[PDB]
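Note that these values count all heavy atoms, side chains included, but never hydrogens, waters or copies made by symmetry. Atoms within a ligand are numbered from 1 in the order they appear, just like the ligands themselves. In what follows, chains are A, B, ... by sequence order, proteins preceding strands, each numbered from 1.
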Number of protein chains: 4
Amino acid sequence: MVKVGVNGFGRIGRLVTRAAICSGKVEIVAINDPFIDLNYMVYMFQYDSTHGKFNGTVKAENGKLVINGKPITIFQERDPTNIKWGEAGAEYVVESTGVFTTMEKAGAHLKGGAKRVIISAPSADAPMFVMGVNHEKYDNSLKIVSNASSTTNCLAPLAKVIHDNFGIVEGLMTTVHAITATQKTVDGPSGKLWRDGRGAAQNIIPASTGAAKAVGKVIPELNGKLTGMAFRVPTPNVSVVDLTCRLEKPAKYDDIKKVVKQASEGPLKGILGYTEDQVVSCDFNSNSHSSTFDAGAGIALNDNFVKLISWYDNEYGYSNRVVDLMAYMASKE
Amino acid sequence: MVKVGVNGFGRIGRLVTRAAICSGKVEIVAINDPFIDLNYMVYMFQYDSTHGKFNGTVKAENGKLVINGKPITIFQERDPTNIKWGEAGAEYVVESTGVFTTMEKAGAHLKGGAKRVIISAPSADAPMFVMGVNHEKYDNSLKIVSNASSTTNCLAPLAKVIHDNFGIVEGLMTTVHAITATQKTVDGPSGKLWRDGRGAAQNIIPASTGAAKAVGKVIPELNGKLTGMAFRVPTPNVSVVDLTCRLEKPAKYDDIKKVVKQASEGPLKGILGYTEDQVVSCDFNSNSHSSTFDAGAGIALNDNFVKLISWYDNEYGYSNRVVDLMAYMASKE
Amino acid sequence: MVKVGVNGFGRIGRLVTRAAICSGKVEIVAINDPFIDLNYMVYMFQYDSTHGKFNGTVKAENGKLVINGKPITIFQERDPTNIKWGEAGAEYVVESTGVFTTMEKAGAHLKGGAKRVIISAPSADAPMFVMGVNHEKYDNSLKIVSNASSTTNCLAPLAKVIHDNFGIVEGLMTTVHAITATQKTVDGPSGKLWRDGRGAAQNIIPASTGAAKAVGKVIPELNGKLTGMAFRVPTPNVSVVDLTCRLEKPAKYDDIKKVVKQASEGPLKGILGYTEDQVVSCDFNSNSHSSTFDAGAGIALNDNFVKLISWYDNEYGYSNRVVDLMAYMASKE
Amino acid sequence: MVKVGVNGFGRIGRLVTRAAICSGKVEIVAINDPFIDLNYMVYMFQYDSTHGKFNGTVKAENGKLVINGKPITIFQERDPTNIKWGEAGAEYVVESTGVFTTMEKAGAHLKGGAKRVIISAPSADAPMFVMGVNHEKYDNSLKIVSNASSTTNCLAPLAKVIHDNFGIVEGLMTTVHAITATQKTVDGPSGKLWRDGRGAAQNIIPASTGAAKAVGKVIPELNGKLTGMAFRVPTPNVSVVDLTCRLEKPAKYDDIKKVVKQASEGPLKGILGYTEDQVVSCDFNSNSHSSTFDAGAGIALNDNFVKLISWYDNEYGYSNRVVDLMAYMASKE
Ligand SMILES: NC(=O)c1ccc[n+]([C@@H]2O[C@H](COP(=O)([O-])OP(=O)(O)OC[C@H]3O[C@@H](n4cnc5c(N)ncnc54)[C@H](O)[C@@H]3O)[C@@H](O)[C@H]2O)c1
Ligand SMILES: NC(=O)c1ccc[n+]([C@@H]2O[C@H](COP(=O)([O-])OP(=O)(O)OC[C@H]3O[C@@H](n4cnc5c(N)ncnc54)[C@H](O)[C@@H]3O)[C@@H](O)[C@H]2O)c1
Ligand SMILES: NC(=O)c1ccc[n+]([C@@H]2O[C@H](COP(=O)([O-])OP(=O)(O)OC[C@H]3O[C@@H](n4cnc5c(N)ncnc54)[C@H](O)[C@@H]3O)[C@@H](O)[C@H]2O)c1
Ligand SMILES: COC(=O)CCC(=O)OC
Ligand SMILES: COC(=O)CCC(=O)OC
Ligand SMILES: COC(=O)CCC(=O)OC
């Protein structure tokens, strides 16, 4: 495969490493995290409150992190410019620290000998891609790219199927979203976004999300036709998209289901899922889909105005898409 | 003031009793609950995990419950027909067990001498009223009435203001709702509502709600123009309405804020609130409003298609509305 | 392998069924639960908020619950005297409803053709057993037995090792315990035990437990030398034992560690575990041990006065021990 | 009343301010925090997820934080030696950042013109005081003091009563402790305390505490006779001390209750509380006691070996003790 270095060994960094090592679709050869040393990396990778103990062996050997017998070079650079990616043989770097989302900042890795960078977040100026939706618009000239956000990877496949078949005239989305590392256990400082500092385990917290507008970038005909917002709620993982949209062509709810179900069995297999079961959020913990349409939870007001519900494991589904994107890029070289 | 019996000393029964006692609009004179004996009522009224210790005295004396020096007759009847309301002097009865919501069942209280019954829940056939929206359409021939649901009591005053000023062509609603007594601590049997049995503290749980349709009964012009659904999430109190609606007349977001703020200061004062602060759900705990508009959390895609956010303490706001409705009804005797 | 019937398809009944299947030690041939119809059992067995989706197939077919292709007979009787266990071939019945814990009540299963009953909880009069501690005291005259509680199955193996090497003069135990089905989502009625009705998601809740005393029954020499209590805290699963005990023979803390480590690799392997990792409760979710010693978490005041810490998955470890006890009983036949 | 400056507007500094204003025992005249603008201070003081909205008026006016009409000078100094306490009239300074807990660091505030410094945390080298237990050991030569920790303030009053009357031969403590600002919302990096980084809302987490050893300095006769540890649990606030101790003189449990009750009504009034009710943790939210003994939750094994339970609001009880300690110091000047 392509040899991958991971910058930022957090929720996404470690679950991208889990998906890479377990799927075998790419090879992790290096990790950088100045806040997690090699022995700490062993513990943080082995144990996971949300996805359970890693099924396999992980150890420290001669200064390397050894996962299922295979060594991984470890870096401790706060400055992404000083990471010697080339010497470790890492061709692609996953930028998952949360603090290098612009091309200028994410371009640091190229200096170390990396050849392309995949920002595990929206970017102000890097080209953004959602597997199943616009990844074929990638081309080899793009050395710095973004895999958008979890919420965008949930909404864009759904919005693609609804728009392709019935036309979205306009839509508004809410995501009811699990807590993340940027939140606080008790009321604490968060100077730019005051509500995000309030106690994550106590509160429903409204928050902004660019995910709906960003869908207008991965689906250009939806530009200006979608926006939305978010609620953070006290669950540790798994989120859900609630898309209220008005349709061009009339659609009985059973045709929406039928069309969404066909897409989940066809080209969006593994990316867009479909279910009619009485599911709840924990039923999608460690599910690798980008988006699972929840037939029974949605509701139509009429044939042109509907509320559609789609679940996503915001940690693990997104991490698998990071791997899929990199594998697609490597196949295009 | 009217004298009141409370049937069902649960979350709503006890909080109706709080709001009545320390606001002097009505007088609780009797309570029936066959699963809470007198001494247990002292303890359950005294302490509240959500709203804090009762501020006042509560004791058991001569077989009655005495709150701030005022004795309350205590019954232990599983069947409402056997409650001697009249002999206790309860003129109105708050039906807050959750299992007598039809006119046939709630009417059992009139056999014990009660004059009128206020069901603390939507009713399949009893007329439904929301303070500030349609309570003046009540008339004195109605011996059995419903105070709708807490979600209807949050959505309807907002919908009234929006529809009065701009016309709601159509709307879809989501309520992100706190846990209630009908849910389960761990995955367990829940009759035919299978999702409602799943662990309340672990899950985001989609659920059905009539509230948006019931708005079409409370605001006739909106009949068939609103529906919606709910997500139960792990908080113990306080919920929020997310109304996505299409407007007939174009409205800038700042014009929406203007009319809502003005309504909150005029005829809907104390029922509909308005805020521009960076609030989260806990900021409405023990808030007696039916609906507080949250200016900053909402978002407009354009001048005719907007997402509006309104907070509600589903426990204490509704319970004050139950008192207000009975005081209003009493004022028309 | 012995054919087993399950009375009460709850947390324990369902995880005993998972454990039976995952381990092959017994064969579930029938299940009784009047509150969970056949199609509903498919769903409750398949989806699990705590332990994840069932790994295998489960379907309803021709009136039977079919798990991994094996059909299981389904009863729907509230009264155990009416379950036709013998018609289904069930020799042992797991009594896991929580309402038939005496020998009189559990004995109803013998009227239906069951040969033995294993009560999934402490019993007032049925003999109680803890795998690895006193299960060899079981003999074939015992047609009704108790597998004690999960807290006893955690405390007793540890207490046995400690007492056999240094002698426990006296000890007091706290278990910090996850929430269970008997608790309430919000402050509600709990007539017998007032604290157990307070909202489980909000509260540290003191609770009684006879578990440490029950160790005096399974380890006779410790009779009257152990008692304890519990705190119910807001987690969905996994609990921890905190044993403060005085020792007759002096022991350095690393003598304690080494003796427990040896026991966990010898005759108590699979029952008592040992770790020095910086674990937290979620690291034992879905762990089959009765009791895992946490070396780093305990602390000694001196060589004779120590506080020892041991983790237990209260759902899954206990369920595996029920299966283990039935399999041991079968080999004695 | 003494005029007080507050360094750090985190939970402690804010709740100390609430306590000071609500009790009128001292006057806040100045606040320093370089990470929080004045308008953010208004918001953070006004809204509190745990203790509810401030009951009073909070606004910014001419660069000052005006609480109930009284203005308060605001500083934004990185370095405490640069804060100008003197010109603000601040005589005592609460050092509530957590990083200036030594006498050398805390003394910096003396360079700004403050007369005394009260560290709101344990100190390596400043004398630690527990109100009600050893505050008689304060003298006017002490310019820098510590109020110890909230757990120390729970345990020491209870230990004193029990050791004064029966003699603690040796004791082992566990505190079951609510979530704090040092924890993480999801599994994240946590320096050398690996367990503290695991998801706070999901886990029961073992932790260290110096509180038991500190009580052996607050009460010198107990030096080397107490040690302990903590479990971090998923609640927002309120903790509980679990003290298992051996008594020199034998005591019936009703003897223990009687002397504790007697101390709570006498010299430890308002510091040590006493209850026999079926309390749970939320019943002590915003309670100003250091320690409330829970008669029904404890258990005696015999007359020389007991487990004693005492509740503390780890946020608000401690904050009120900071104010009382300052008022006590001011009365000795
Ligand atoms: N639901 C999700 O969790 C999710 C989904 C998609 C995208 N993202 C995005 O992924 C990015 C990281 O998310 P996360 O959830 O994994 O957060 P995280 O905090 O758990 O992990 C970020 C990691 O980066 C490390 N780090 C910090 N600074 C670093 C630096 N200079 N150099 C190297 N490592 C550094 C940190 O120690 C940490 O381990 C963010 O942009 C996030 O918005 C999160
Ligand atoms: N946020 C809310 O909780 C909320 C808000 C508005 C309306 N409601 C509705 O109010 C009703 C009660 O809800 P709740 O939250 O207070 O639930 P709850 O379980 O806390 O209270 C129900 C009470 O009814 C008692 N009871 C049961 N059967 C009885 C009988 N035959 N006779 C007398 N008493 C009996 C029960 O002991 C219990 O105390 C429901 O219909 C509910 O949907 C709830
Ligand atoms: N951590 C644990 O949950 C745990 C551990 C060890 C032991 N136990 C004990 O096991 C027993 C059950 O515990 P649980 O957590 O599984 O409770 P649960 O509520 O999850 O399951 C109880 C099941 O019994 C069913 N039931 C009720 N009445 C019945 C009847 N007449 N006939 C047949 N079925 C009936 C119920 O529908 C329910 O599904 C209790 O005694 C408990 O204390 C529980
Ligand atoms: C990063 O993962 C997410 O959940 C996306 C939310 C968001 O960033 O809105 C665009
Ligand atoms: C009682 O208040 C609510 O729970 C609102 C939900 C509802 O009942 O739907 C109409
Ligand atoms: C399974 O539940 C428990 O562990 C505690 C119950 C108890 O009292 O112990 C005998």
Undergrad: Can you check whether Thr180(A)'s main-chain N or O pairs, donor with acceptor, with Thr185(D)'s side chain at less than 3.5 Å?
TA: yes
Undergrad: Quiz question: by atom type and distance under 3.5 Å, do the side chains of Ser49(C) and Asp187(B) form a donor-acceptor pair?
TA: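 Their side chains do contain a donor-acceptor pair, which is all the 3.5 Å distance test asks for.
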Undergrad: Look at the aromatic rings of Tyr312(B) and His177(B) and report parallel, tilted or perpendicular, splitting at 30° and 60°.
TA: perpendicular
Undergrad: Counting non-hydrogen protein atoms only, what is the nearest one to atom 3 (C) of ligand 5? Give residue, atom name and distance.
TA: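 Ranked first by proximity to atom 3 (C) of ligand 5 is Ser150(B) OG, 3.5 Å.
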Undergrad: Can you figure out which of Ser146(C), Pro122(C), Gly10(C), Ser120(C) has its heavy atom closest to atom 10 (O) of ligand 3?
TA: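 When every heavy atom of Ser146(C), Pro122(C), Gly10(C), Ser120(C) is considered, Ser120(C) comes closest to atom 10 (O) of ligand 3.
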Undergrad: List ligand 1 atoms under 4.0 Å from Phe100(A), heavy atoms only on the residue side.
TA: 31 (N)
Undergrad: Please list the nearest protein heavy atom to atom 9 (O) of ligand 5 with its residue and the distance rounded to 0.1 Å.
TA: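 Answer, as residue, atom name and distance: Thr209(B) OG1, 2.6 Å.
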Undergrad: Would you mind listing which atoms of ligand 1 come within a distance below 4.0 Å of any non-hydrogen atom of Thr97(A)?
TA: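 It comes down to these atoms of ligand 1: 22 (C), 24 (O), 29 (C), 30 (C), 32 (N), 33 (C), 34 (N), 35 (C).
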Undergrad: Would you find a donor on one side and an acceptor on the other, under 3.5 Å apart, between the side chain of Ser290(C) and the backbone of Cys154(C)?
TA: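 Flag not set: sc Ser290(C) to bb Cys154(C) has no pair under 3.5 Å.
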Undergrad: Out of all atoms in ligand 3, which are within 4.0 Å of some heavy atom of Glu77(C)? Include the element for each.
TA: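 Within the 4.0 Å cut-off of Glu77(C), ligand 3 contributes 32 (N).
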Undergrad: Report the nearest protein non-hydrogen atom to atom 5 (C) of ligand 5: residue, atom name, distance rounded to 0.1 Å.
TA: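 Here the nearest protein heavy atom works out to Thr151(B) OG1, 2.7 Å.
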Undergrad: Contact between ligand 1 and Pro189(D) is defined here as a heavy atom of the residue under 4.0 Å from a ligand atom; is it met?
TA: yes
Undergrad: Using side-chain heavy atoms (C-beta onward) and a distance below 4.5 Å, is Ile83(C) in contact with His109(C)?
TA: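 Sidechains of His109(C) and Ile83(C): in contact.
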Undergrad: Can you list the ligand 5 atoms lying under 4.0 Å from a non-hydrogen atom of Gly210(B)?
TA: 9 (O), 10 (C)
Undergrad: Determine whether any heavy atom of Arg14(C) lies closer than 4.0 Å to an atom of ligand 3.
TA: no
Undergrad: Hey, what do you get for CZ (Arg78(C)) to OG1 (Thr97(C)), rounding to the nearest 0.5 Å?
TA: 11.5 Å
Undergrad: Students often mix this up, so state it plainly: with edges at 30° and 60°, are the rings of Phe284(A) and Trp311(A) parallel, tilted or perpendicular?
TA: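 The arrangement is parallel - the two ring planes meet at less than 30°.
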Undergrad: Pick one of side chain, backbone, both or neither for how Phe9(A) approaches ligand 1, counting any non-hydrogen atom pair under 4.0 Å.
TA: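 Just the backbone.
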Undergrad: Kindly check if the number of other-residue, nucleotide or ligand heavy atoms within 6.0 Å of NZ (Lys105(A)) is above 12?
TA: no
Undergrad: Do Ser239(C) and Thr175(C) pair up side chain to side chain, a donor and an acceptor below 3.5 Å, judged on atom types alone?
TA: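 Per modelled atom types, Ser239(C) and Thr175(C) side chains form no pair under 3.5 Å.
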Undergrad: May I ask you to check whether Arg11(A) has an N/O atom sitting below 3.5 Å from an N/O atom of ligand 1?
TA: yes
Undergrad: Please determine whether any non-hydrogen atom of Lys213(B) lies less than 4.0 Å from an atom of ligand 5.
TA: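 So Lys213(B) does not count as touching ligand 5.
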Undergrad: Of the protein's non-hydrogen atoms, which lies at the shortest distance from atom 12 (C) of ligand 3, and what is that distance?
TA: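 Looking at atom 12 (C) of ligand 3, the protein heavy atom closest to it is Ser96(C) O, 3.3 Å.
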Undergrad: Any side-chain donor paired with an acceptor under 3.5 Å for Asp313(C) and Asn287(C)?
TA: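 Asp313(C) vs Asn287(C): no donor-acceptor pair found between side chains.
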Undergrad: Specify the protein heavy atom at minimum distance from atom 19 (O) of ligand 3: its residue, its atom name, and the distance to 0.1 Å.
TA: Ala181(C) CB, 3.2 Å
Undergrad: Could you state the interatomic distance from CD (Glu315(A)) to OG1 (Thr50(A)), rounded to the nearest 0.5 Å?
TA: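 If we round to the nearest 0.5 Å, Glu315(A):CD and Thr50(A):OG1 are 5.0 Å apart.
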Undergrad: Looking only at protein heavy atoms, which one is nearest to atom 10 (C) of ligand 5, and what is the separation?
TA: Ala211(B) N, 3.1 Å
Undergrad: Which of the atoms in ligand 1, numbered in the order shown and given with their element, are less than 4.0 Å from a heavy-atom of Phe35(A)?
TA: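 Counting from 1, the qualifying ligand atoms are 26 (N), 27 (C), 28 (N), 29 (C), 37 (O).
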Undergrad: Check each atom of ligand 1 against the heavy atoms of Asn314(A) and keep those under 4.0 Å away; list them by number with element.
TA: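 Answer, ordered by atom number: 1 (N), 2 (C), 5 (C).
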Undergrad: Starting from atom 4 (O) of ligand 5, find the nearest protein heavy-atom neighbour and note its residue, name and distance.
TA: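 I find the closest protein heavy atom is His177(B) NE2, 3.5 Å.
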Undergrad: Is any side-chain heavy atom of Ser190(D) closer than 4.5 Å to one of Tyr40(A)?
TA: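 Yes, their side chains come closer than 4.5 Å.
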Undergrad: Any N/O of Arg78(A) closer than 3.5 Å to an N/O of ligand 1?
TA: yes
Undergrad: Please identify which atoms of ligand 3 are closer than 4.0 Å to at least one heavy atom of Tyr318(C).
TA: 6 (C), 7 (C)
Undergrad: When you check the side-chain N and O atoms of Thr81(A) and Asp79(A), is any donor under 3.5 Å from an acceptor?
TA: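 Note: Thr81(A) and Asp79(A) side chains meet the donor-acceptor criterion.
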Undergrad: Within ligand 1, which atoms have a heavy atom of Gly98(A) less than 4.0 Å away?
TA: 40 (C), 41 (O)
Undergrad: Could you tell me the residue and atom name of the protein heavy atom closest to atom 8 (O) of ligand 5, and the distance to it rounded to 0.1 Å?
TA: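 Residue, atom and distance for the closest contact: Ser149(B) CB, 3.3 Å.
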Undergrad: Heavy atoms only: which of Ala121(C), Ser150(C), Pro34(C) lies closest to atom 32 (N) of ligand 3?
TA: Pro34(C)
Undergrad: Tell me: protein heavy atom nearest atom 38 (C) of ligand 3, and distance?
TA: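 Looking only at protein heavy atoms, the one closest to atom 38 (C) of ligand 3 is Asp33(C) OD2, 3.6 Å.
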Undergrad: Is it true that the side chains of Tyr318(C) and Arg11(C) contain a donor and an acceptor less than 3.5 Å apart?
TA: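 Short answer, no.
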Undergrad: Counting distance only, does the side-chain N/O of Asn32(C) pair as donor-acceptor with the main-chain N or O of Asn7(C) below 3.5 Å?
TA: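 A pair under 3.5 Å: no.
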Undergrad: Give the single entry among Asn7(C), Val238(C), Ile12(C) that approaches atom 13 (O) of ligand 3 most closely by any heavy atom.
TA: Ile12(C)
Undergrad: Any protein heavy atom under 4.0 Å from atom 8 (N) of ligand 1?
TA: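 Looking at atom 8 (N) of ligand 1, one finds that a protein heavy atom does lie closer than 4.0 Å.
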Undergrad: Would the number of heavy atoms belonging to other residues, nucleotides or ligands and lying under 6.0 Å from NZ of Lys217(B) be above 12?
TA: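 Not buried by this count: 12 neighbours or fewer within 6.0 Å.
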